[PDB]
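Here you get one chain, nothing else, as structure tokens; it is the form deposited in one PDB entry.
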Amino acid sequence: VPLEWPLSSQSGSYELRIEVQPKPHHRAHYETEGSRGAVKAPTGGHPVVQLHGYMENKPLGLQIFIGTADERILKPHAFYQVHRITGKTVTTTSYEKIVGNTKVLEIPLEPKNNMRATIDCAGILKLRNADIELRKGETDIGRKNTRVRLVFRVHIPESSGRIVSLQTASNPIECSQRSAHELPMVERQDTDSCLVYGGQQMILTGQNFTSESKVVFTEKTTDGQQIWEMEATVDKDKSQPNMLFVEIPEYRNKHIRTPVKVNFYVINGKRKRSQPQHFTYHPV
């Protein structure tokens, strides 16, 4: 049986259920990196998959593979591979095999555990778009294609010769590291140019502007060179919520004969930095 085939959750007395859905969020790890864990449950544990209606007494194999996010087109995702985790914290044995270009990871579904299984041994590896897209015949695009689904399936051998094949897909999971949390970001400036002298006040409205927010003007080179840094004084004596009043600093060289492009950003901590804002100093 193919991985693309539209199997179903149930089939008469049989029914594959995802007792515990994974978290909506899970950062995948790259080859050039160390494992980033197994998919975790929103609670704190991990996902749980169970087969209902298996009165038989023989352990079955539960397959796991990462697939696309759209239900209508459950396909294994071309830019992600299930990753087999192992060792101490991993209460579930597991073997892996390749099927097509897909890594599939099998887990045991045991009658003694009521065909109930804990998926704490499956992590997610991220392939490089470039590498995948060079594969002849593939047309899926990687860029911005970071949602995926954990796809579970099992093959039920009926003593009557034929096998019932079931499958269940988890809720989508976001695999791209969400970078910000408590970051401050400018959305509206007030002034974007000024004379080398500065002294002019610039109003800045954005998000997450704390009582200890700072504004730093910087100048680079076309080769990304930090040739100028300079903190701007921010009227903290008073201010509206998410609105910072900045005093444009004087440009290092008041003798420039042509306008110079420069950047400024907002900082709340040694690592809490906004996106680089644009500014221009004009020769007097």
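Definition used throughout: the rigid core is the maximal C-alpha set that superposes within 1.5 Å between two forms. A residue's number is simply how far along the shown sequence it sits, counting from 1.
There is another form of the same protein, the form deposited in another entry; it is not shown, and what comes next is about it.
Rigid core superposed between this form and the one not shown, residues 164, 132, 169, 195 considered: the one with a C-alpha shift of 2 Å or more is 195. Pairwise change in the other entry: residue 176 and residue 269 C-alpha atoms lie closer than in the shown form, at least 3 Å. In the other entry, the CA atoms of residue 51 and residue 72 move farther apart by at least 3 angstroms compared with the shown structure.
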